[PDB]
>>> print(open('data-v6.txt').read())   # compact mmCIF, C-alpha atoms
# COMPACT_ATOMS: atom_id res chain seq x y z
CA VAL O 1 3.44 -2.29 -10.49
CA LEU O 2 6.01 -0.59 -8.34
CA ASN O 3 5.20 -2.89 -5.42
CA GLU O 4 8.11 -5.17 -4.65
CA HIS O 5 6.24 -7.90 -2.76
CA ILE O 6 3.67 -8.01 -5.58
CA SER O 7 6.32 -8.13 -8.32
CA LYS O 8 7.98 -10.90 -6.32
CA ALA O 9 4.74 -12.86 -6.08
CA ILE O 10 4.03 -12.37 -9.79
CA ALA O 11 7.55 -13.62 -10.55
CA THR O 12 6.84 -16.91 -8.73
CA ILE O 13 3.49 -17.26 -10.54
CA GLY O 14 2.80 -19.92 -13.14
CA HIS O 15 -0.16 -21.86 -14.55
CA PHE O 16 -2.98 -22.52 -12.04
CA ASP O 17 -1.38 -20.21 -9.45
CA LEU O 18 -3.68 -17.87 -7.55
CA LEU O 19 -3.34 -14.26 -6.51
CA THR O 20 -5.98 -12.40 -4.52
CA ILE O 21 -6.93 -8.80 -3.90
CA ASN O 22 -9.16 -8.03 -0.94
CA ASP O 23 -11.05 -5.30 0.87
CA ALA O 24 -9.97 -3.92 4.27
CA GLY O 25 -12.17 -6.30 6.31
CA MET O 26 -11.19 -9.62 4.70
CA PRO O 27 -9.55 -11.88 7.33
CA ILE O 28 -6.22 -12.51 5.60
CA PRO O 29 -3.92 -15.05 7.32
CA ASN O 30 -0.76 -13.65 8.89
CA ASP O 31 1.87 -15.40 6.75
CA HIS O 32 4.34 -14.73 3.91
CA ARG O 33 1.48 -14.44 1.38
CA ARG O 34 0.09 -11.36 3.12
CA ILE O 35 0.63 -8.05 1.30
CA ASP O 36 -0.91 -5.15 3.24
CA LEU O 37 -1.34 -2.09 1.01
CA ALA O 38 -4.07 -0.52 3.10
CA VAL O 39 -3.50 3.10 4.12
CA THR O 40 -6.88 4.27 5.35
CA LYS O 41 -10.58 3.99 4.47
CA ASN O 42 -10.80 3.51 0.69
CA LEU O 43 -7.08 4.04 0.09
CA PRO O 44 -6.16 2.38 -2.09
CA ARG O 45 -9.43 1.40 -3.75
CA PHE O 46 -9.98 -2.24 -4.72
CA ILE O 47 -10.59 -1.43 -8.39
CA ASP O 48 -7.38 0.60 -8.69
CA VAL O 49 -5.20 -2.19 -7.36
CA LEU O 50 -7.03 -4.68 -9.58
CA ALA O 51 -6.50 -2.58 -12.72
CA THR O 52 -2.81 -2.29 -11.85
CA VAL O 53 -2.30 -6.00 -11.22
CA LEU O 54 -4.08 -7.04 -14.45
CA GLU O 55 -1.50 -5.07 -16.43
CA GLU O 56 1.18 -7.47 -15.11
CA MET O 57 -0.58 -10.85 -15.30
CA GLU O 58 -2.01 -13.18 -17.90
CA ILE O 59 -5.21 -14.36 -16.27
CA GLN O 60 -7.37 -17.36 -17.14
CA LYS O 61 -10.23 -17.18 -14.64
CA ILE O 62 -11.36 -14.95 -11.81
CA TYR O 63 -13.33 -15.87 -8.70
CA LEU O 64 -15.90 -13.63 -7.03
CA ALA O 65 -18.33 -14.06 -4.16
CA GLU O 66 -21.86 -14.87 -5.32
CA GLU O 67 -22.99 -12.25 -2.75
CA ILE O 68 -21.36 -9.50 -4.87
CA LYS O 69 -24.24 -9.69 -7.38
CA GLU O 70 -26.76 -8.44 -4.82
CA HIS O 71 -24.63 -6.60 -2.27
CA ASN O 72 -22.28 -4.72 -4.57
CA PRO O 73 -23.59 -4.55 -8.17
CA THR O 74 -21.47 -1.45 -8.82
CA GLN O 75 -18.24 -3.26 -8.01
CA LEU O 76 -19.27 -6.25 -10.12
CA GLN O 77 -19.90 -3.94 -13.07
CA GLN O 78 -16.54 -2.17 -12.59
CA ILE O 79 -14.76 -5.53 -12.54
CA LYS O 80 -16.52 -6.69 -15.75
CA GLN O 81 -15.59 -3.44 -17.52
CA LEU O 82 -11.97 -4.11 -16.57
CA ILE O 83 -11.35 -7.70 -17.66
CA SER O 84 -11.66 -8.95 -21.24
CA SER O 85 -14.57 -11.04 -22.53
CA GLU O 86 -12.14 -13.92 -22.95
CA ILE O 87 -11.71 -14.34 -19.17
CA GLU O 88 -14.19 -16.56 -17.35
CA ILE O 89 -15.98 -15.35 -14.22
CA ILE O 90 -16.77 -17.96 -11.60
CA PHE O 91 -18.99 -17.18 -8.63
CA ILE O 92 -18.53 -19.07 -5.37
CA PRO O 93 -19.83 -18.48 -1.81
CA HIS O 94 -18.03 -15.70 0.07
CA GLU O 95 -17.12 -18.39 2.61
CA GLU O 96 -15.20 -20.20 -0.14
CA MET O 97 -13.45 -16.96 -1.12
CA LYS O 98 -12.19 -16.90 2.48
CA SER O 99 -10.93 -20.50 2.31
CA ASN O 100 -9.05 -19.75 -0.90
CA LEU O 101 -6.89 -17.30 1.05
CA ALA O 102 -5.05 -20.45 2.16
CA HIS O 103 -5.16 -22.31 -1.16
CA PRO O 104 -1.96 -24.37 -1.76
CA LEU O 105 -1.35 -22.53 -5.05
CA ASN O 106 -2.11 -19.08 -3.61
CA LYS O 107 0.99 -16.94 -4.19
CA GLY O 108 -0.24 -13.81 -2.39
CA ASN O 109 -3.10 -12.05 -0.67
CA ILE O 110 -3.21 -8.32 -1.32
CA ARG O 111 -5.09 -6.16 1.17
CA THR O 112 -6.50 -2.84 -0.03
CA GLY O 113 -8.25 -0.07 1.90
CA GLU O 114 -11.60 -0.86 0.22
CA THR O 115 -14.69 -0.71 2.46
CA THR O 116 -17.51 -1.69 0.06
CA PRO O 117 -18.80 -5.25 0.71
CA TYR O 118 -17.51 -8.29 -1.23
CA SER O 119 -14.73 -6.34 -2.94
CA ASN O 120 -12.54 -9.42 -3.11
CA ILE O 121 -11.27 -11.36 -6.07
CA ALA O 122 -9.08 -14.32 -6.91
CA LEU O 123 -7.01 -14.26 -10.07
CA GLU O 124 -5.99 -17.56 -11.65
CA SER O 125 -2.89 -17.49 -13.78
CA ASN O 126 -2.69 -18.83 -17.30
CA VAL O 127 0.55 -20.33 -18.64
CA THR O 128 3.37 -17.89 -17.92
CA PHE O 129 6.46 -19.30 -19.72
CA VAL C 1 -4.40 3.59 10.20
CA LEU C 2 -5.64 0.26 8.94
CA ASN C 3 -2.11 -0.74 7.88
CA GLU C 4 -0.81 -3.68 9.88
CA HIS C 5 2.92 -2.95 9.58
CA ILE C 6 2.47 0.78 10.19
CA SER C 7 0.38 -0.02 13.28
CA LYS C 8 3.08 -2.38 14.56
CA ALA C 9 5.86 0.19 14.03
CA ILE C 10 3.82 2.94 15.71
CA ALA C 11 3.37 0.51 18.63
CA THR C 12 7.12 0.17 19.20
CA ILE C 13 7.63 3.94 18.82
CA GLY C 14 8.82 6.06 21.75
CA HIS C 15 10.44 9.47 22.34
CA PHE C 16 13.24 10.21 19.82
CA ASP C 17 12.21 7.37 17.48
CA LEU C 18 11.83 8.04 13.75
CA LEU C 19 9.30 7.00 11.15
CA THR C 20 9.73 8.01 7.51
CA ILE C 21 7.46 8.39 4.52
CA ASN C 22 9.06 8.38 1.08
CA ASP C 23 8.30 8.74 -2.61
CA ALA C 24 8.54 5.80 -5.02
CA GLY C 25 12.15 6.56 -6.04
CA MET C 26 13.75 6.83 -2.58
CA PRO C 27 16.32 4.01 -2.16
CA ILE C 28 14.91 2.30 0.92
CA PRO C 29 17.10 -0.46 2.41
CA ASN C 30 15.75 -3.99 2.12
CA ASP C 31 15.22 -4.77 5.82
CA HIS C 32 12.52 -5.22 8.48
CA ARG C 33 11.91 -1.44 8.60
CA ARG C 34 10.68 -1.38 5.00
CA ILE C 35 6.95 -0.92 4.40
CA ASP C 36 6.06 -0.85 0.71
CA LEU C 37 2.64 0.67 0.11
CA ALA C 38 3.37 1.63 -3.50
CA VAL C 39 0.74 0.43 -5.96
CA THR C 40 1.49 2.42 -9.07
CA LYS C 41 2.49 5.91 -10.19
CA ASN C 42 1.12 8.34 -7.60
CA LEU C 43 -0.87 5.65 -5.76
CA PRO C 44 -0.95 6.22 -2.92
CA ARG C 45 0.13 9.87 -2.79
CA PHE C 46 2.76 11.07 -0.33
CA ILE C 47 0.41 13.65 1.14
CA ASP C 48 -2.34 11.14 1.84
CA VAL C 49 -0.11 8.70 3.69
CA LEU C 50 1.36 11.60 5.71
CA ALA C 51 -2.11 12.86 6.71
CA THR C 52 -3.09 9.36 7.82
CA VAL C 53 0.06 8.76 9.85
CA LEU C 54 -0.13 12.15 11.59
CA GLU C 55 -3.50 11.14 13.04
CA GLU C 56 -1.76 8.27 14.86
CA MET C 57 1.49 9.83 16.08
CA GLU C 58 2.63 12.40 18.58
CA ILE C 59 5.30 14.22 16.65
CA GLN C 60 7.89 16.66 17.88
CA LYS C 61 9.85 17.41 14.73
CA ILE C 62 9.87 16.65 11.06
CA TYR C 63 12.82 16.54 8.68
CA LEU C 64 12.69 17.54 5.03
CA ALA C 65 15.26 17.94 2.28
CA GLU C 66 16.52 21.49 1.83
CA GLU C 67 16.00 20.77 -1.91
CA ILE C 68 12.20 20.63 -1.46
CA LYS C 69 11.99 24.45 -1.16
CA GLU C 70 12.98 25.00 -4.76
CA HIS C 71 12.19 21.68 -6.47
CA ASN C 72 8.77 21.07 -4.91
CA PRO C 73 7.37 24.28 -3.35
CA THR C 74 3.90 22.73 -3.78
CA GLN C 75 4.64 19.69 -1.61
CA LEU C 76 6.28 21.90 1.04
CA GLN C 77 3.18 24.06 1.22
CA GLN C 78 0.93 20.97 1.48
CA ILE C 79 3.05 19.64 4.31
CA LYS C 80 2.94 22.95 6.21
CA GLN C 81 -0.88 23.06 6.00
CA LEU C 82 -1.04 19.55 7.45
CA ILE C 83 1.14 19.91 10.56
CA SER C 84 0.48 22.26 13.49
CA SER C 85 2.52 25.41 14.17
CA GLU C 86 3.85 23.73 17.32
CA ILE C 87 5.89 21.27 15.25
CA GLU C 88 9.39 22.24 14.20
CA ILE C 89 10.44 21.86 10.56
CA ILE C 90 14.14 21.08 10.10
CA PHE C 91 15.69 21.25 6.64
CA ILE C 92 18.68 19.01 5.89
CA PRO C 93 20.38 17.96 2.62
CA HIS C 94 18.57 15.24 0.68
CA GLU C 95 21.74 13.14 1.03
CA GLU C 96 21.20 13.11 4.80
CA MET C 97 17.51 12.24 4.42
CA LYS C 98 18.82 9.12 2.69
CA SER C 99 21.25 8.35 5.54
CA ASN C 100 18.41 8.66 8.04
CA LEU C 101 16.71 5.66 6.40
CA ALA C 102 19.24 3.62 8.39
CA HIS C 103 19.16 5.74 11.56
CA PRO C 104 19.44 3.56 14.71
CA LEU C 105 16.15 4.95 16.07
CA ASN C 106 14.34 4.57 12.74
CA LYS C 107 11.34 2.31 13.28
CA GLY C 108 9.98 2.23 9.74
CA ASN C 109 10.46 3.48 6.20
CA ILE C 110 7.17 3.81 4.37
CA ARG C 111 7.29 3.77 0.59
CA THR C 112 4.45 5.50 -1.26
CA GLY C 113 3.77 5.77 -4.99
CA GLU C 114 4.60 9.49 -5.09
CA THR C 115 6.55 10.56 -8.19
CA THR C 116 7.10 14.26 -7.50
CA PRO C 117 10.68 15.17 -6.34
CA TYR C 118 11.82 15.30 -2.70
CA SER C 119 8.49 14.02 -1.33
CA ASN C 120 10.23 12.49 1.65
CA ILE C 121 9.80 13.18 5.32
CA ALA C 122 11.07 11.93 8.64
CA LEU C 123 8.88 12.19 11.71
CA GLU C 124 10.41 12.35 15.16
CA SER C 125 8.23 11.09 17.96
CA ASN C 126 7.49 12.96 21.17
CA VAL C 127 6.78 11.10 24.43
CA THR C 128 4.45 8.12 23.81
>>> encode(input="data-v6.txt", output="structure tokens")
Amino acid sequence: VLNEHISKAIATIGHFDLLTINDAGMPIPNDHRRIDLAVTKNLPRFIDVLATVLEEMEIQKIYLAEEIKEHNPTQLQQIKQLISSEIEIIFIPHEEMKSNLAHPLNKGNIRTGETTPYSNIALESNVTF
Amino acid sequence: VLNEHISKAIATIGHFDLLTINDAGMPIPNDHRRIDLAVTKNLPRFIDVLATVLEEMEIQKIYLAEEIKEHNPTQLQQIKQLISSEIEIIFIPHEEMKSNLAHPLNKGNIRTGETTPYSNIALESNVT
């Protein structure tokens, strides 16, 4: 990660803390947590930002929208190929994924240029140090 | 442009105002002008951000480092193919490109993930 805001968020991240990565259409609140990386349609791609962020975090659990199973199987598969078998995948309603953007332990909401549906994820941090 | 900060900057832009796009290594001051889009090495690319921004701005002139001609002939060529022939290309020393990051009429410094040398540009706005 060369992103400053992201490195800053990851530096304030400890056990139970959340970090999200979202597609272009996700209604992300306009606060300090907001990290807009979007350039244009599909730039950068959700999966590329995800792969990059995983390299700099110890994750415990991830959250995905139940709707991803049916509406974006390809993205679900790409996510599974990325994370290790050790990490637990929890599905919740997309509506909940939206609420979590304002979770008290949410340390950042990254916006990508992704346009495929339900390309959103929440990363829950394990013990840092 | 779907980028919120870029959109904001381009909203406050008028004649003579500047907007810059830089590679990952350019020392961009830590102020309100700074817009960090860098994800990782070469993501996003300089050329892709430039192409996007050009679609949203009326530009009069661009500034490039004189050093680009010899150290990155490829990037110079890509830039030329992107802008019209009615836009003037002014070459200045890289050192000055750096000083322009704090120009009084500079409305935004965009940081990309570009890693190739002298991939930096300054766009001067025409009448809005």
>>> residues_around(input="data-v6.txt", residues="residue 116 (chain C)", least_positions_apart="4", cutoff="10 Å", atoms="all atoms listed in the file", output="count of residues only")
12
>>> closest_atom_pairs(input="data-v6.txt", of="chain O", to="chain C", cutoff="8 Å", atoms="all atoms listed in the file", output="JSON lines")
{"residue": "O:1", "atom": "CA", "partner": "C:40", "partner_atom": "CA", "distance": 5.3}
{"residue": "O:2", "atom": "CA", "partner": "C:40", "partner_atom": "CA", "distance": 5.5}
{"residue": "O:3", "atom": "CA", "partner": "C:38", "partner_atom": "CA", "distance": 5.2}
{"residue": "O:4", "atom": "CA", "partner": "C:36", "partner_atom": "CA", "distance": 7.2}
{"residue": "O:5", "atom": "CA", "partner": "C:36", "partner_atom": "CA", "distance": 7.9}
{"residue": "O:24", "atom": "CA", "partner": "C:2", "partner_atom": "CA", "distance": 7.6}
{"residue": "O:36", "atom": "CA", "partner": "C:3", "partner_atom": "CA", "distance": 6.5}
{"residue": "O:37", "atom": "CA", "partner": "C:37", "partner_atom": "CA", "distance": 4.9}
{"residue": "O:38", "atom": "CA", "partner": "C:3", "partner_atom": "CA", "distance": 5.2}
{"residue": "O:39", "atom": "CA", "partner": "C:3", "partner_atom": "CA", "distance": 5.6}
{"residue": "O:40", "atom": "CA", "partner": "C:1", "partner_atom": "CA", "distance": 5.5}
{"residue": "O:41", "atom": "CA", "partner": "C:2", "partner_atom": "CA", "distance": 7.6}
{"residue": "O:43", "atom": "CA", "partner": "C:44", "partner_atom": "CA", "distance": 7.2}
{"residue": "O:44", "atom": "CA", "partner": "C:44", "partner_atom": "CA", "distance": 6.5}
{"residue": "O:49", "atom": "CA", "partner": "C:39", "partner_atom": "CA", "distance": 6.6}
{"residue": "O:52", "atom": "CA", "partner": "C:40", "partner_atom": "CA", "distance": 7.0}
{"residue": "O:113", "atom": "CA", "partner": "C:2", "partner_atom": "CA", "distance": 7.5}
>>> write_last_selection(input="data-v6.txt", atoms="C-alpha atoms", output="PDB file, in the frame of the given file")
ATOM      1  CA  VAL O   1       3.440  -2.290 -10.490  1.00  0.00           C
ATOM      2  CA  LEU O   2       6.010  -0.590  -8.340  1.00  0.00           C
ATOM      3  CA  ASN O   3       5.200  -2.890  -5.420  1.00  0.00           C
ATOM      4  CA  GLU O   4       8.110  -5.170  -4.650  1.00  0.00           C
ATOM      5  CA  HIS O   5       6.240  -7.900  -2.760  1.00  0.00           C
ATOM      6  CA  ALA O  24      -9.970  -3.920   4.270  1.00  0.00           C
ATOM      7  CA  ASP O  36      -0.910  -5.150   3.240  1.00  0.00           C
ATOM      8  CA  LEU O  37      -1.340  -2.090   1.010  1.00  0.00           C
ATOM      9  CA  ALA O  38      -4.070  -0.520   3.100  1.00  0.00           C
ATOM     10  CA  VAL O  39      -3.500   3.100   4.120  1.00  0.00           C
ATOM     11  CA  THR O  40      -6.880   4.270   5.350  1.00  0.00           C
ATOM     12  CA  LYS O  41     -10.580   3.990   4.470  1.00  0.00           C
ATOM     13  CA  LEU O  43      -7.080   4.040   0.090  1.00  0.00           C
ATOM     14  CA  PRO O  44      -6.160   2.380  -2.090  1.00  0.00           C
ATOM     15  CA  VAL O  49      -5.200  -2.190  -7.360  1.00  0.00           C
ATOM     16  CA  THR O  52      -2.810  -2.290 -11.850  1.00  0.00           C
ATOM     17  CA  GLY O 113      -8.250  -0.070   1.900  1.00  0.00           C
TER      18      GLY O 113
END
>>> closest_residue(input="data-v6.txt", among="O:68, O:35, O:54, O:59", to="residue 17 (chain O)", atoms="only C-alpha atoms")
O:59
>>> residues_around(input="data-v6.txt", residues="residue 18 (chain C)", least_positions_apart="2", cutoff="7 Å", atoms="all atoms listed in the file", output="VMD selection string")
chain C and resid 16 20 105 to 107 122 to 125
>>> atom_distance(input="data-v6.txt", atom1="CA of residue 58 (chain O)", atom2="CA of residue 12 (chain O)")
13.3 Å
>>> residues_near_point(input="data-v6.txt", point="(-12.3, -2.8, -18.0)", cutoff="12 Å", atoms="all atoms listed in the file", output="VMD selection string")
chain O and resid 47 to 48 50 to 52 54 to 55 75 to 85 87
>>> atom_distance(input="data-v6.txt", atom1="CA of residue 25 (chain O)", atom2="CA of residue 98 (chain O)")
11.3 Å
>>> closest_residue(input="data-v6.txt", among="O:30, O:60, O:99, O:20", to="residue 119 (chain O)", atoms="all atoms listed in the file")
O:20
>>> atom_distance(input="data-v6.txt", atom1="CA of residue 102 (chain C)", atom2="CA of residue 17 (chain C)")
12.1 Å
>>> residues_around(input="data-v6.txt", residues="residue 15 (chain C)", least_positions_apart="5", cutoff="7 Å", atoms="all atoms listed in the file", output="list in words")
residues 125, 126, 127 and 128 of chain C
>>> residues_near_point(input="data-v6.txt", point="(1.6, -24.9, -1.9)", cutoff="12 Å", atoms="all atoms listed in the file", output="ChimeraX atom specification")
/O:12-13,16-18,33,100-108
>>> decode(input="data-v6.txt", residues="region 98-120 of chain C", atoms="N, CA, C and O atoms", output="mmCIF file, in the first residue's frame")
data_model
loop_
_atom_site.group_PDB
_atom_site.id
_atom_site.type_symbol
_atom_site.label_atom_id
_atom_site.label_comp_id
_atom_site.auth_asym_id
_atom_site.auth_seq_id
_atom_site.Cartn_x
_atom_site.Cartn_y
_atom_site.Cartn_z
ATOM 1 N N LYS C 98 7.984 20.606 -9.334
ATOM 2 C CA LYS C 98 7.831 20.408 -7.895
ATOM 3 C C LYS C 98 7.353 21.673 -7.185
ATOM 4 O O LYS C 98 6.497 21.610 -6.285
ATOM 5 N N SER C 99 7.904 22.819 -7.588
ATOM 6 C CA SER C 99 7.510 24.110 -7.011
ATOM 7 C C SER C 99 6.070 24.445 -7.330
ATOM 8 O O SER C 99 5.383 25.075 -6.523
ATOM 9 N N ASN C 100 5.623 24.053 -8.520
ATOM 10 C CA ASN C 100 4.239 24.285 -8.924
ATOM 11 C C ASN C 100 3.204 23.550 -8.065
ATOM 12 O O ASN C 100 2.037 23.922 -8.047
ATOM 13 N N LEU C 101 3.633 22.526 -7.334
ATOM 14 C CA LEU C 101 2.727 21.806 -6.434
ATOM 15 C C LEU C 101 2.196 22.724 -5.341
ATOM 16 O O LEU C 101 1.224 22.397 -4.676
ATOM 17 N N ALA C 102 2.850 23.867 -5.153
ATOM 18 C CA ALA C 102 2.420 24.853 -4.169
ATOM 19 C C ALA C 102 2.045 26.185 -4.823
ATOM 20 O O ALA C 102 1.933 27.201 -4.142
ATOM 21 N N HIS C 103 1.849 26.171 -6.139
ATOM 22 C CA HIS C 103 1.434 27.360 -6.871
ATOM 23 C C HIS C 103 0.147 27.909 -6.273
ATOM 24 O O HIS C 103 -0.730 27.132 -5.904
ATOM 25 N N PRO C 104 0.032 29.248 -6.163
ATOM 26 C CA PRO C 104 -1.149 29.880 -5.562
ATOM 27 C C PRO C 104 -2.468 29.553 -6.265
ATOM 28 O O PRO C 104 -3.521 29.578 -5.623
ATOM 29 N N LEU C 105 -2.410 29.250 -7.560
ATOM 30 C CA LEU C 105 -3.608 28.923 -8.337
ATOM 31 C C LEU C 105 -3.773 27.417 -8.529
ATOM 32 O O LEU C 105 -4.586 26.963 -9.342
ATOM 33 N N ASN C 106 -2.991 26.643 -7.781
ATOM 34 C CA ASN C 106 -3.073 25.191 -7.842
ATOM 35 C C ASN C 106 -4.264 24.725 -7.026
ATOM 36 O O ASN C 106 -4.317 24.962 -5.814
ATOM 37 N N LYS C 107 -5.205 24.056 -7.683
ATOM 38 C CA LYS C 107 -6.426 23.617 -7.015
ATOM 39 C C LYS C 107 -6.463 22.131 -6.676
ATOM 40 O O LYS C 107 -7.481 21.636 -6.206
ATOM 41 N N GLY C 108 -5.367 21.421 -6.909
ATOM 42 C CA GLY C 108 -5.330 20.011 -6.590
ATOM 43 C C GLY C 108 -4.110 19.310 -7.132
ATOM 44 O O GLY C 108 -3.719 19.515 -8.275
ATOM 45 N N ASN C 109 -3.512 18.473 -6.291
ATOM 46 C CA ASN C 109 -2.403 17.627 -6.686
ATOM 47 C C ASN C 109 -2.815 16.170 -6.558
ATOM 48 O O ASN C 109 -2.959 15.643 -5.449
ATOM 49 N N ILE C 110 -3.022 15.528 -7.698
ATOM 50 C CA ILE C 110 -3.456 14.144 -7.729
ATOM 51 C C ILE C 110 -2.254 13.212 -7.753
ATOM 52 O O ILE C 110 -1.370 13.331 -8.617
ATOM 53 N N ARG C 111 -2.228 12.282 -6.803
ATOM 54 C CA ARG C 111 -1.187 11.284 -6.743
ATOM 55 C C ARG C 111 -1.689 9.952 -7.276
ATOM 56 O O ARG C 111 -2.676 9.413 -6.772
ATOM 57 N N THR C 112 -0.988 9.423 -8.277
ATOM 58 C CA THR C 112 -1.312 8.139 -8.881
ATOM 59 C C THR C 112 -0.312 7.106 -8.388
ATOM 60 O O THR C 112 0.575 7.437 -7.608
ATOM 61 N N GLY C 113 -0.453 5.857 -8.830
ATOM 62 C CA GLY C 113 0.510 4.829 -8.463
ATOM 63 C C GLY C 113 1.652 4.662 -9.456
ATOM 64 O O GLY C 113 2.454 3.737 -9.330
ATOM 65 N N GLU C 114 1.730 5.548 -10.442
ATOM 66 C CA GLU C 114 2.744 5.445 -11.491
ATOM 67 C C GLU C 114 4.157 5.361 -10.927
ATOM 68 O O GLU C 114 4.507 6.103 -10.025
ATOM 69 N N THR C 115 4.966 4.453 -11.458
ATOM 70 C CA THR C 115 6.355 4.314 -11.003
ATOM 71 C C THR C 115 7.408 4.697 -12.054
ATOM 72 O O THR C 115 8.591 4.789 -11.740
ATOM 73 N N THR C 116 6.995 4.916 -13.295
ATOM 74 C CA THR C 116 7.932 5.360 -14.311
ATOM 75 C C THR C 116 8.279 6.845 -14.099
ATOM 76 O O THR C 116 7.424 7.624 -13.672
ATOM 77 N N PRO C 117 9.530 7.227 -14.400
ATOM 78 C CA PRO C 117 10.113 8.553 -14.105
ATOM 79 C C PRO C 117 9.468 9.732 -14.848
ATOM 80 O O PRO C 117 9.096 9.630 -16.020
ATOM 81 N N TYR C 118 9.340 10.842 -14.138
ATOM 82 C CA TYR C 118 8.829 12.099 -14.693
ATOM 83 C C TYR C 118 7.408 12.021 -15.257
ATOM 84 O O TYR C 118 7.049 12.800 -16.140
ATOM 85 N N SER C 119 6.609 11.085 -14.733
ATOM 86 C CA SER C 119 5.189 11.006 -15.077
ATOM 87 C C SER C 119 4.427 12.000 -14.217
ATOM 88 O O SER C 119 3.681 11.625 -13.310
ATOM 89 N N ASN C 120 4.646 13.278 -14.499
ATOM 90 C CA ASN C 120 3.986 14.353 -13.785
ATOM 91 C C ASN C 120 3.546 15.389 -14.775
ATOM 92 O O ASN C 120 4.235 15.644 -15.758
#
